[PDB]
Structures are given as structure tokens and as C-alpha cells.
């Protein structure tokens, strides 16, 4: 599991369940190609997006579909989605945890990078 996403809801003090996450990788022609996608579990975690073999060096974008999440709760939020863009594995394989904390008008994101 070299790439894991964890999403929390700051309004309810709970994991953010069933949030859609789409991951893209920047291709040789500077286009974002689809890489992986999934939905957060009841623990607000998304595991198994990729493998070490497939997760090569590159620029990745993790798009978290926050708008759909808040709308399904009857809240009209500010952002369309939360986007996290980073270079990965540029000095060898690392494990990446991307965490996001969500509110209707704000969000925070962090990365925990281990090896």
C-alpha cells in the first residue's frame, strides 16, 4: 500500500465515509491520465489504490470529491473538490499518506511520507 488517503469531517467529528477519490498521473505529453480511483470506507480510509510496481516516479494528482460529500449532507460547500498535487518517488520508493480534514468552507491536507 504505497498510497493511502484518509479523510475526516470537521463538522461531525467523524471519518468522511463514501468520499470519491480520483488519482491521476501526469503523462509524457503533460496531460493528466487516470491512475486509480476509489471511495473512502467507514473508517474514512482508502487503501489499495495501487501497488509498488505500478506506482512509478511521476507527478500525481489526488482529487477528493468534497462537493458531493457535503451536498449529500444538505450543505452547500464552497469548493468543487480538494486537489493534492505532488512529485512521488523521485529519490526511490516511498509510502505516502494523504490526509484531508474537511469543512464546508475550508479544508486542510497533509502528507505523511515514510520509507
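Basically, rigid core = biggest C-alpha set you can superpose within 1.5 Å across the two forms. Residue numbers count along the first chain shown, from 1.
Asks: Which stretch is more displaced from the shown form in 8 other deposited structures of this protein, 82-90 or 41-49, with RMS over structures and residues of Cα positions after a rigid core fit?
Replies: When 82-90 and 41-49 are compared in 8 other deposited structures of this protein, the bigger C-alpha shift is seen for 82-90.
Asks: Which has the higher mean CA temperature factor in the PDB entry, 44-52 or 23-31?
Replies: According to the entry, 23-31 carries the higher average C-alpha B-factor.
Asks: Averaged over C-alpha atoms, is the B-factor higher for 10-18 or for 91-99 in this PDB entry?
Replies: The stretch with the larger average C-alpha B-factor is 91-99.
Asks: Divide the modelled residues of the chain into thirds by Cα B-factor and specify which third, lowest, middle or highest, holds residue 39.
Replies: Residue 39: CA B-factor falls in the middle third of its chain.
Asks: Would you mind checking where the Cα B-factor of residue 5 ranks among the modelled residues of its chain, as the lowest, middle or highest third?
Replies: Lowest third, going by the recorded CA B-factors of the chain.
Asks: Residue 81: which third of its chain by C-alpha temperature factor?
Replies: CA B-factor rank for residue 81: middle third.
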